[PDB]
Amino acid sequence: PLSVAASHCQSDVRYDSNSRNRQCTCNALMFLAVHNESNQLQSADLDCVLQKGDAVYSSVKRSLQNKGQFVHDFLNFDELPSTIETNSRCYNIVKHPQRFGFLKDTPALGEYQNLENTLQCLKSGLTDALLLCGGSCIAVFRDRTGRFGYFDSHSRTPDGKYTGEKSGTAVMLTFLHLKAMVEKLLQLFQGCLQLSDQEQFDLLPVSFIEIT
């Protein structure tokens, strides 16, 4: 795929240890709002996503701590904010019914399918979604010109592989064919992150209502 790389990733030391490397669900949500405003994001736009997403995480964490509802580190879909601000715009978040499945397994239950077949919903069924699997969250999308892609706020090489080197950055990867993106996502989840065939993934389609 084609790649746009940020200059850094969410574990960068510029983020306070309070939020460092815990912001991915917020970064994925912020990405989908910014990408909806403009598909052709530049590297500096992804940097801005990481900055605003970290700020959102810190605000939500503070809110739940004042309410005594903070125990774990990565915010789940239930703890995501209901409103989000980009550069100049503000949106209410519409959470749609979640989809669940397994990376490769397809239990005889029948209802839940594997990742490849579940993500077929991106052809028309929906355009923007958060994808959580094995404690890692990414954003997946179908863009205005019918391309498929995802945004990964973790430490990645330009081609989307995990790296522990300080050269790793967040990346957005864009594909002409959905099948190519599915293969890449399986390389990420099962190759780089070593997640097993029976690992469950959680898909949250989101839409945005502009409130200026």
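Quick note: we count residues from 1 along the sequence shown, nothing fancier.
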Item to complete: For the higher mean C-alpha B factor in the entry, choose 65-73 or 161-169.
Response: 65-73
Response to the item:
The stretch carrying the higher mean Cα B factor in the deposited entry, 106-114 or 90-98, is 106-114
Worksheet, complete the sentence: From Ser153, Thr174, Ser43, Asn39, the top C-alpha temperature factor is at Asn39
Fill in: Per the PDB entry, maximal CA B factor within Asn18, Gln200, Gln23, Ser196
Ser196
Practice prompt. Among all modelled residues of this chain, ranked by Cα B factor, put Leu32 in the bottom, middle or top third, i.e. lowest, middle or highest.
Written response: lowest
Worksheet item: Relative to the other modelled residues in the chain, which third contains the C-alpha temperature factor of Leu50: lowest, middle or highest?
Response: lowest
Item to complete: Would you mind ranking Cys133 by its C-alpha B-factor against the rest of the chain and naming the third, lowest, middle or highest?
Response: lowest
Discussion item. By the recorded C-alpha temperature factor, relative to the other modelled residues in its chain, which third is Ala5 in?
Written reply: lowest
Item to complete: Ordered by C-alpha B-factor within the chain, which third holds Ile84? Give me lowest, middle or highest, please.
Response: middle
